[PDB]
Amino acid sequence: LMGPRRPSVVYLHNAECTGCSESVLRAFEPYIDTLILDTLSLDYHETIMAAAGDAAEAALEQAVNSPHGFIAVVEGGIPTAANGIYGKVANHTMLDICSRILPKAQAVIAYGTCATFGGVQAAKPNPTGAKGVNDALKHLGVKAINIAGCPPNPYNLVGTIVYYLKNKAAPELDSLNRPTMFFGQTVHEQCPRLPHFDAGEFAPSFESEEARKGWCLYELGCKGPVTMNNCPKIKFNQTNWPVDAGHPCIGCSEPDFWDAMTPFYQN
């Protein structure tokens, strides 16, 4: 799978919906083919790898034990309840898999709010005791770079990897371990509707002429003011983002947002 020349990436899937994986496939300039053939060596990835079963387990072992070293990218929360039983791969709990592999990585990136902070399955009452990577593995000294969002902007993953490869270090991180180059501003301070906000010009309903006219979505629940992300700047798929589609921000790059930001249509 690996060796020298391209940096080895091991991509793990814990308790996840595969939306973070899909977001990376939307990579643009560079595209995912450039990333996989030229930039990186993608040495394990359950969604797209050819090997399955024992052959896939062997490819994972080969990648993790490489003298050349590897980068881990982790999608999904780690279920920790009932000794990790709620999530297994190859009959190993996800907690055990991550506890064994992540301390061997040269760097770990937690990709998506599930891997950074626990995510949707950690929402109350958290029946599987799902935890973010750094929370679950604090004891092992794992300190993943957290790229949050549900799913994050793939621009933020690629920018973080490129930085790491160039500088041999993590970029400046905020107090949630997210890179300040992407997460340093609220969604709200970047939003085109901020003049209506300042003017107290709020849509009272989605059917209203005020919503048609693009008035602020704060009264309809928008969490832009308490959410850190670069959505209005970079946008998604080179073309849009939630408020420009007329829907409030649901706070999806914040910890515990499923419980902190709900009801989503209230402020």
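One-based numbering along the sequence shown.
Chemist: Taking the recorded C-alpha temperature factors, which stretch has the higher mean, 227-235 or 31-39?
Modeler: It is 31-39.
Chemist: Regarding 122-130 and 98-106, which shows the higher C-alpha temperature factor on average in the entry?
Modeler: Taking the mean B-factor of the alpha carbons in each, 98-106 is higher.
Chemist: Taking the values straight from the PDB record, which of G76, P151, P171, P79 has the highest C-alpha temperature factor?
Modeler: The record points to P171.
Chemist: Ranking every modelled residue in this chain by its Cα temperature factor as given in the entry, which third contains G221?
Modeler: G221: CA B-factor falls in the middle third of its chain.
Chemist: What third of the chain does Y86 rank in for C-alpha temperature factor, lowest, middle or highest?
Modeler: CA B-factor rank for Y86: middle third.
Chemist: What third of its chain's C-alpha B-factors does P204 belong to: lowest, middle or highest?
Modeler: According to the entry, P204 has a C-alpha B-factor in the chain's middle third.
Chemist: Thinking about Cα B factors across the chain, which third does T116 belong to?
Modeler: Ranked within chain, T116 CA B lands in the lowest tercile.
Chemist: Using the temperature factors of the C-alpha atoms in this entry, rank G69 within its chain: lowest, middle or highest third.
Modeler: Ranked within chain, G69 CA B lands in the highest tercile.
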